[PDB]
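What follows is a short report on a single structure.
Excluded from the calculations below are hydrogen atoms, water molecules and symmetry mates; all remaining heavy atoms, backbone and side chain alike, are included. Chain letters run A, B, ... following the sequence lines, proteins first, then strands; residues in each count from 1.
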Amino acid sequence: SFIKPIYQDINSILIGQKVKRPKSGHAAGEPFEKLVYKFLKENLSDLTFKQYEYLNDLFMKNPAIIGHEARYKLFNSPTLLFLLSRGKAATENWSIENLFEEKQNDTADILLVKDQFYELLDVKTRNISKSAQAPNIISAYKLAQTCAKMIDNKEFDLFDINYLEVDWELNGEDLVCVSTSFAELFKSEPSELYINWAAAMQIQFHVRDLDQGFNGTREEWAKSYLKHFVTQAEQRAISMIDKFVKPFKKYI
Amino acid sequence: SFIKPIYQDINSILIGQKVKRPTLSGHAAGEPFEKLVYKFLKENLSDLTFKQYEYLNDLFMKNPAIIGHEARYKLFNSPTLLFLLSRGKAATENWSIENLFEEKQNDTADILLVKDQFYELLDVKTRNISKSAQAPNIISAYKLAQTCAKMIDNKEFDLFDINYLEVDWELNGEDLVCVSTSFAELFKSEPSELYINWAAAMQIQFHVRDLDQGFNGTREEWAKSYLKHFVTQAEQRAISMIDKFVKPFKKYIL
DNA sequence: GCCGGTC
DNA sequence: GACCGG
DNA sequence: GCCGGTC
DNA sequence: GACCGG
Ligand SMILES: [Mn+2]
Ligand SMILES: [Mn+2]
Ligand SMILES: [Mn+2]
Ligand SMILES: [Mn+2]
Ligand SMILES: [Mn+2]
Ligand SMILES: [Mn+2]
Ligand SMILES: [Mn+2]
Ligand SMILES: [Mn+2]
Ligand SMILES: [Mn+2]
Ligand SMILES: [Mn+2]
Ligand SMILES: [Mn+2]
């Protein structure tokens, strides 16, 4: 991680920050995400990007090459391409006068890049005024496809996927940050990631709870996740028949 | 529907109206047009318009002597409506006039219109027409399935309706404007053609604009035909999952 | 031209 | 994106 | 603690 | 809640 070396500093600047309640179901804690960026672009300016900002810069410094095929080559990693790139029509039609903008389903919120090593940073906000279920972290299926691509291309040293939880509570008319938490996906026991199939097949956890004691290599992390994923997939197929078919057959 | 009679009036008040922007998560973007629909309904169909939580508060305030969740749950007089409109055990019990219900992200309906013992569950979906996107989440197919089971079990086939209003908008300068609307009734559609997106929160998905309204059978028939479709698709999904999330990765396992 | 995954 | 439990 | 539907 | 297509 590139953030980790300064986590304490950004934990300091955030705790207490205030944002105004939205238009008196989704975001609303979003202003914090922007606050993180700003307070990351200041300390690690040359490393910090919005996912879309990175693609723009990358295509921008390659005026010679055009066409989607050539532009995808620019990624130099089947995995990163999968994880970070935009569609066929979007890459083809990119131009300095038609840049990529925020897309709702982008893998990362912040991209920190340094010497070909990418840290995919995802920001999560939490209303701590209440005990809620863990939020969507990332699609279990997307991870499955990443690991497989990592195994196929032996790309075990190209990127990390880290999270930052920012907790806030309502105090008056503003929302105020009261705590933060950092964690790395590839530091946890892949066998213990909870996959909520109904919830868009998302791995679900509270960042403060994600265990950080996995001791094997990156290749072992991916292999063990793929086992865990296939196994949970089979269980879910068994359970759906029990929760969605069995109790309703009497009506057919 | 209690709203179809005045659809033209709602439509004429939304089309063209600008609203100053807040990014625009899309969700945070349409919200204001929803405020407009509610407000409009509140001043024209005032005695029958309510936000789900608002109805619940009104419901309980009217029966102050009724304390404890069971007693308060009895106040619905309908298993189906209870299932679709109720707020959990702990919350129902902890409700007081000093601790009223607020909006819950989970609420089945955005707006609830009711008259003469009949309920209209109204959901208003917003759409950024500046793009062509996948059909949005309409309602959980699982919840619908349970709703049909309860209807059949209790013979409640003429108690409520589930309607959708689509608000189309776009970005024009420094503000959002509304460009068109659409209305449709869930129970007037062909249940067997409802598309269930299992990964997308097991939600029924369709664009309100569109969505057939030809079903000519009864509600009881609508319920059963849906249940058959739900069950069939779930088996189809159990199979797809092996074919898509297991079989293709089996080769990385040990 | 049909289908469905992701934040 | 992030929500508690009839 | 654990599990998992919905907007 | 509502998002397009490497
Ligand atoms: Mn909302
Ligand atoms: Mn090509
Ligand atoms: Mn966003
Ligand atoms: Mn979003
Ligand atoms: Mn994100
Ligand atoms: Mn985020
Ligand atoms: Mn009880
Ligand atoms: Mn709603
Ligand atoms: Mn609402
Ligand atoms: Mn709505
Ligand atoms: Mn607990």
Would you mind telling me which of [options] lies closest to the side-chain atoms of [X]?
X	options	value
B:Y73	C:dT6, D:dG6, F:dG6	D:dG6
A:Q133	D:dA2, C:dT6, E:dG4	E:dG4
A:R126	C:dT6, D:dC3, F:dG6	D:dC3
A:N105	F:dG6, E:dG5, C:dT6	C:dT6
B:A133	F:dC4, F:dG1, D:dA2	F:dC4

Review point. Between which residue ranges does DNA chain C form stems of three or more consecutive Watson-Crick or G-U wobble pairs, both distances under 3.5 Å?
Key: C:3-7 with F:1-5
Rounded to the Å, how far apart are [X] [atom1] and [N] [atom2]?
X	N	atom1	atom2	answer
B:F33	F:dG1	CZ	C1'	16 Å
B:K74	D:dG6	NZ	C1'	15 Å
A:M240	E:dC3	CE	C1'	17 Å
B:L85	E:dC7	CG	P	12 Å
A:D167	D:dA2	CG	P	11 Å
B:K131	C:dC7	NZ	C1'	13 Å
B:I196	E:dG5	CD1	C1'	15 Å
B:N137	E:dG5	CG	P	15 Å

Verify the contact: side-chain N or O of [X] to OP1 or OP2 of [N], cut-off strictly under 4.0 Å; return yes or no.
X	N	result
B:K104	D:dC4	yes
B:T126	F:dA2	yes
A:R236	E:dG5	yes
B:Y195	C:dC3	no
B:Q203	E:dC7	yes
B:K244	C:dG5	yes
A:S139	C:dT6	yes

Looking at the base of [N], is there any donor atom on it, or on the side chain of [X], that sits under 3.5 Å from an acceptor on the other one?
X	N	answer
B:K89	D:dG6	no
A:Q104	C:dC7	yes
B:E31	F:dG1	no
A:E92	F:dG6	no
B:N197	C:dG5	yes

Can you tell whether the side chains of [X] and [Y] come within less than 4.0 Å, N to carboxylate O?
X	Y	answer
A:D106	A:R86	yes
A:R126	A:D167	yes
B:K89	B:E93	no

Practice item. Take the angle between the ring planes of B:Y119 and B:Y55 and call it parallel below 30°, perpendicular above 60°, tilted in between. Key: perpendicular
**Study point:** Between B:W198 and B:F230, ring centroids under 6.0 Å
**Key:** yes
Check your understanding: Distance only, no hydrogens: is a donor on one side chain within 3.5 Å (strictly under) of an acceptor on the other, for B:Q205 and B:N197?
Key ->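 Side-chain D/A pair, B:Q205 to B:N197: present.
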Check your understanding: Is there a donor-acceptor contact under 3.5 Å linking the side chains of A:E169 and A:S129?
Key ->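 Per modelled atom types, A:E169 and A:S129 side chains form no pair under 3.5 Å.
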Identify whether any heavy atom of [X] sits under 4.0 Å from a base atom; if not, whether one sits that close to sugar-phosphate; answer base, sugar-phosphate or nothing.
X	result
B:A135	base
A:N127	sugar-phosphate
A:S131	base

Point to revise | Which groove, A:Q204 side chain, N/O base atoms under 5.0 Å | key: major
Exercise for review: Take atom P in C:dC2 and the same atom in F:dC4, then report the distance between them in whole Å.
Suggested key: 22 Å
Review point. Under the salt bridge (charged side-chain N to carboxylate O under 4.0 Å, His left out) test, which residues partner A:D122, sequence neighbours left out?
Key: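 A:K124.
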**Study point:** salt bridge (charged side-chain N to carboxylate O under 4.0 Å, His left out) partners for B:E235, two or more places apart
**Key:** A:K249
Revision key, fill the gap. Contact check, residues 141-150 of chain A vs DNA chain C, heavy-atom distance under 4.0 Å, returns A:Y141, A:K142
**Study point:** ring-ring contact (aromatic ring centres under 6.0 Å, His included) partners of residues 68-91 of chain B, not counting sequence neighbours, each pair once
**Key:**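 Listed once each, the pairs are B:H69-B:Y73.
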Review point. Quick one: is the NZ or CZ of B:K51 closer than 6.0 Å to the six-membered ring centre of B:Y38, and within 45° of its axis?
Key: yes
Residues 138-153 of chain A, side-chain donor-acceptor partners within the protein, below 3.5 Å, at least two apart:
from: A:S139; atom 1: OG; to: A:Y141; atom 2: N; distance (Å): 3.3
from: A:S139; atom 1: OG; to: A:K142; atom 2: N; distance (Å): 3.0
from: A:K142; atom 1: NZ; to: A:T107; atom 2: OG1; distance (Å): 3.1
from: A:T146; atom 1: OG1; to: A:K142; atom 2: O; distance (Å): 2.8
from: A:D152; atom 1: OD1; to: B:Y252; atom 2: OH; distance (Å): 2.8
from: A:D152; atom 1: OD2; to: B:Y252; atom 2: OH; distance (Å): 2.8
from: A:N153; atom 1: ND2; to: A:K149; atom 2: O; distance (Å): 2.9

